[PDB]
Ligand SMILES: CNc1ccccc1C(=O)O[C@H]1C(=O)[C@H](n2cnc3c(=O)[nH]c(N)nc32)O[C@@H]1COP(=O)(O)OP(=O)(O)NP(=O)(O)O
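Below, in structure tokens: the form solved without this ligand, a single chain.
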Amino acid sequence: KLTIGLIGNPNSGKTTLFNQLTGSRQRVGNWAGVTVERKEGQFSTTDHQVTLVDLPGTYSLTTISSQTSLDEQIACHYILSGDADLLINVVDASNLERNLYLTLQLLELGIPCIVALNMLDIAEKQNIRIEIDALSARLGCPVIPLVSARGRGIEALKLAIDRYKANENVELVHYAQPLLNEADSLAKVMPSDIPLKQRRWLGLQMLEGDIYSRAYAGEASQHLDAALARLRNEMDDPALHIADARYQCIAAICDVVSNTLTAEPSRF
């Protein structure tokens, strides 16, 4: 038996993939404490009986700008609740750079994950070519091309689920040493139920100015002002650096991964 969480952007073809996997074997209700719909369904692999949980559409698990989205909170809450044994991240190939911000957050949290590259046919109309193994090597998790024809992308996805394992601990984003040391101090006073790696993540998001992470912080929210001011002795703007270090990482990956599909040559 298994429980998998389906996660991705609003326009990533996530809902369509859910229906194709589960089919008629579905159940409907709502998330705890709200009227927002919660779909669940089941399908079988060679070994496992999978229980697919459809999460709401989301671009990011965090937010700044004082803008709240209940769909994002519900998504982030389920991820941190550790209910699912595995996650399937639906990624749009025609908007890779934008979609990878969510993908990165799932990998930083240490959640076992399988990326499903969707809308490859639309990417080819944009003159875009995706390097699959180059992407997989940098993310440290398997990347399955979700081929529509004959539902053979679903078969490859089921094959990946039976082989699933802990993600390869690669170097994703390269933050500054003071930010990591300060985020670790916030992790000490955070509640001990949450894993160490996830506590360090939460504390890093608090420094950038996240509002969702403060719900799981506890007494660490009181130490934030002292910790944030302490970082400004070394760095000019901590919040700016975290955004740049994150952008730099994704920009580096997209340079290698996203290539031009076809072009008429002008030289020999």
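All residue numbers are counted from 1 along the displayed sequence.
FYI, the form deposited with this ligand bound isn't displayed, but the following is about it.
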| query | finding |
| --- | --- |
| Candidate spot 9, 12 and 118, all three touching this ligand in the bound PDB entry (heavy atom, 4.5 Å) | yes |
| Residue 41, heavy atom within 4.5 angstroms of this ligand in the bound PDB entry | no |
| Distance check, residue 122 to this ligand in the bound PDB entry, heavy atom within 4.5 Å | yes |
| Residue 209, heavy atom within 4.5 angstroms of this ligand in the bound PDB entry | no |
| Partner contact for residue 248 in the bound PDB entry: this ligand, 4.5 angstroms, heavy atom | no |
